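Reading through the structure tokens given below for one structure.
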There are 2 protein chains.
Amino acid sequence: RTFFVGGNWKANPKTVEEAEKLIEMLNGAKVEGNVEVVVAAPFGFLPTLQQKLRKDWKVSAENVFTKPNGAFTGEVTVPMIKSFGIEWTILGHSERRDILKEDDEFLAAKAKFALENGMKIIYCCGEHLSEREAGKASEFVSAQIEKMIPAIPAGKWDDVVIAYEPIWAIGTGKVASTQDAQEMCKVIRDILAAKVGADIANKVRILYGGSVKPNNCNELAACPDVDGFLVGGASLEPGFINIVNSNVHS
Amino acid sequence: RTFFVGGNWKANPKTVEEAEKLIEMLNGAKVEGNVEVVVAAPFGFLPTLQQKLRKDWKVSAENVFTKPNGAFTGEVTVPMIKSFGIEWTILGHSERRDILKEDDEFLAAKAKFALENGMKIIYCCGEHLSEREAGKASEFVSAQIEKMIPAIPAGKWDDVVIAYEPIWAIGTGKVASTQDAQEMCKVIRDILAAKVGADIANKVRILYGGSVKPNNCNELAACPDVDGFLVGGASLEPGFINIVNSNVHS
Ligand code: NA
Ligand code: NA
Ligand code: NA
Ligand code: NA
């Protein structure tokens with residue numbers, strides 16, 4: 001399994017000028033080892049990103065809608081994205097699940113549609129504070145995964161990457177250990193093997209999507225079932241290359 | 001009050017190539033009379049629209065988020081929009097209120113933020129099938145407007161355009177008459193005059209956002225309180241210039 005680092009700029013930066021300055025930096029970074037690098041940026045900066053970003057890396061949407069086009073004011077669609085040559089989208093990020101209130105059914109249709117339409121997806125999952133405390137994280141994460149599975153057409157698992165987000169560790173006052181990340185990534189893999197088979201499970205990159213920084217990326221990379229990262233604030237910083245380069249420790 | 005025609009492409013077209021072909025057509029259209037023309041397009045096509053669209057017309061976002069930037073995966077913000085030179089956003093479109101479940105509080109903060117940050121807004125409102133049938137459209141629309149009013153900073157009403165959407169007439173089996181449009185636009189104006197004063201009310205463009213087509217734009221334009229249109233499917237068609245040019249009948 002090739003190590004996978006997604007950089008999720010989220011709703012950043014503020015200006016097209018900042019985004020270009022940031023691309024320029026990324027374009028000069030010396031990548032060490034073997035690693036699949038994907039960068040997700042807001043819709044408006046996607047064209048400038050697709051054109052200027054180093055061609056050995058890939059550009060991602062941070063979301064897409066369920067339909068190809070239509071009466072969906074404000075929504076961006078898979079065809080629009082692909083029309084720029086963009087091959088990736090993020091789906092199901094906690095912030096969308098919580099703030100924009102995206103439910104599993106919505107996200108299932110989004111995955112089905114994206115995959116049926118040639119996209120590769122970064123599908124996020126993760127449990128909240130209460131299930132963590134109840135010792136019911138495995139169950140909660142299985143339910144999310146069981147909802148995702150029927151969306152994946154045959155022959156498409158090669159185009160699926162799954163990201164675990166320790167949402168219980170985001171704005172709650174609690175922090176996740178390296179052991180936690182390994183453990184939940186193992187939970188997802190085991191869930192895959194049980195439900196869709198070992199060959200699939202052994203090839204699907206599962207990423208840790210908690211807090212990844214230069215000070216922790218190496219230990220995290222070393223975990224056997226962590227295949228890479230969905231990086232947050234460090235996407236916008238020079239330390240992003242440290243994180244990409246943590247692959248040598250996996 | 002200068003006649004105002006907004007073209008809302010919604011989630012269309014599918015490709016950047018189609019969007020450029022459509023801009024080219026728009027760029028050749030002979031505008032008659034006096035009219036303020038604004039074109040709203042999906043986030044990804046906004047750069048190509050800002051660069052190529054005739055400079056006597058203006059480009060619009062179809063939505064923006066409440067914050068300048070941050071942990072809001074998938075969201076586009078006012079600063080990103082303004083960084084391209086884009087001065088307009090649509091807010092509160094029925095499709096967002098319904099499909100993406102945007103409530104009034106959300107939309108109020110979105111208007112406050114946009115206006116405080118130099119944007120001009122097309123704020124949509126409109127009642128559903130049940131209030132229409134109950135004869136309670138005025139009340140329902142006032143509640144929406146009363147929620148919008150405190151968002152508008154002093155000196156900013158010059159940057160506000162309000163669009164009435166007969167949602168009761170969208171996918172319900174019912175059609176709106178020209179009289180209906182005039183009547184609801186008058187309701188909004190009267191609501192403005194009562195609450196924030198006659199001078200404001202007399203200057204705010206109020207638009208009809210129902211079904212506007214070449215076959216009805218002229219009669220609709222003639223209504224005294226209809227100041228223009230938020231155009232749907234006809235935005236994507238050559239008849240859009242007929243609609244822009246309906247201003248001569250107002
Ligand atoms: Na395949
Ligand atoms: Na590893
Ligand atoms: Na002003
Ligand atoms: Na008129």
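Whatever order the structure lists them in is the order used to number ligands and atoms, beginning at 1. In what follows, chains are A, B, ... by sequence order, proteins preceding strands, each numbered from 1.
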Practice task
Decide, counting backbone as well as side-chain atoms, whether A/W157 has an N, O or S atom less than 3.0 Å from the Na ion (ligand 1).
Solution key: no
Practice task
Using the ring of A/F106 (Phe, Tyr or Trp, six-membered ring only), decide whether A/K110 places NZ or CZ under 6.0 Å from its centre and within 45 degrees of its axis.
Solution key: yes
Problem - 3.0 Å cut-off met by an N, O or S atom of B/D158 to the Na ion (ligand 3) - result: yes
Problem - With the Na ion (ligand 2) as the apex, the O/OG angle for A/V226 and A/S250 - to 10° - result: 110°
Exercise for the section: Compare every heavy atom of A/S94 with every heavy atom of A/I167, then report the nearest pair and how far apart it is. Expected result: CD1-CB, 3.4 Å
Handout entry: Mutual orientation of the aromatic rings belonging to B/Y164 and B/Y208 [parallel < 30°, tilted 30-60°, perpendicular > 60°]
Key = tilted
Problem - Distance, nearest 0.5 Å, that separates CD of B/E87 from NZ of B/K120 - result: 6.0 Å
Handout entry: Metal proximity, A/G228 vs the Na ion (ligand 2), N/O/S cut-off 3.0 Å
Key = no
Fill in the blank from the handout: Closest non-hydrogen atoms of B/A221 and B/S246, given as atom of the first, atom of the second and distance, are CB-O, 3.3 Å
Handout entry: Any N, O or S atom of A/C223 closer than 3.0 Å to the Na ion (ligand 2)
Key = yes
